[PDB]
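These values consider heavy atoms only, across backbone and side chains, with no hydrogens, waters or symmetry-generated copies. Chain A is the first sequence line, chain B the second, and so forth, proteins listed ahead of strands; every chain is numbered from 1.
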Amino acid sequence: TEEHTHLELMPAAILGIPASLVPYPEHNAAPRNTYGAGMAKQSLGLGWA
RNA sequence: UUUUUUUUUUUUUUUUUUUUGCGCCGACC
């Protein structure tokens with residue numbers, strides 16, 4: 001509106017890198033999202049070539 | 001013409017059968 005002084009660029013960018021791995025985080029409970037972000041760093045895969 | 005020292009015997013071989021501690025960081029239940 002006219003009263004607004006700034007516009008948000010990306011509301012999904014307020015999360016960290018591990019927290020962005022969770023798909024649809026707004027449909028989950030906050031402790032579940034915290035657990036998912038925590039366990040995202042404990043997974044196994046091709047980390048480095 | 002002159003005194004105040006004492007005396008005796010009993011103990012054996014060439015030598016022998018496994019890192020503790022200190023502190024930090026991350027993480028699980």
With a 3.5 Å cut-off and sequence neighbours excluded, list the donor-acceptor pairs that the side chains of residues 33-49 of chain A form with protein atoms.
from, atom 1, to, atom 2, distance (Å)
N33(A), ND2, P25(A), O, 2.8
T34(A), OG1, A30(A), O, 3.1
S43(A), OG, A40(A), O, 2.8

Judged by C1'-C2'-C3'-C4' (positive north, negative south), is the sugar of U12(B) north or south?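 Judging by the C1'-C2'-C3'-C4' torsion, which comes out negative, the sugar of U12(B) sits south.
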Round to the nearest Å and state the distance from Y35(A) atom OH to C28(B) atom P.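 That distance rounds to 10 Å.
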Can you pull every protein N or O that's under 3.5 Å from an N or O on nucleotides 25-27 of chain B?
from, atom 1, to, atom 2, distance (Å)
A27(B), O3', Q42(A), NE2, 3.1

Tell me whether the count of non-hydrogen atoms from other residues, nucleotides or ligands lying under 6.0 Å of NE2 in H4(A) goes above 12.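 Open: at most 12 neighbouring heavy atoms sit under 6.0 Å from NE2 of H4(A).
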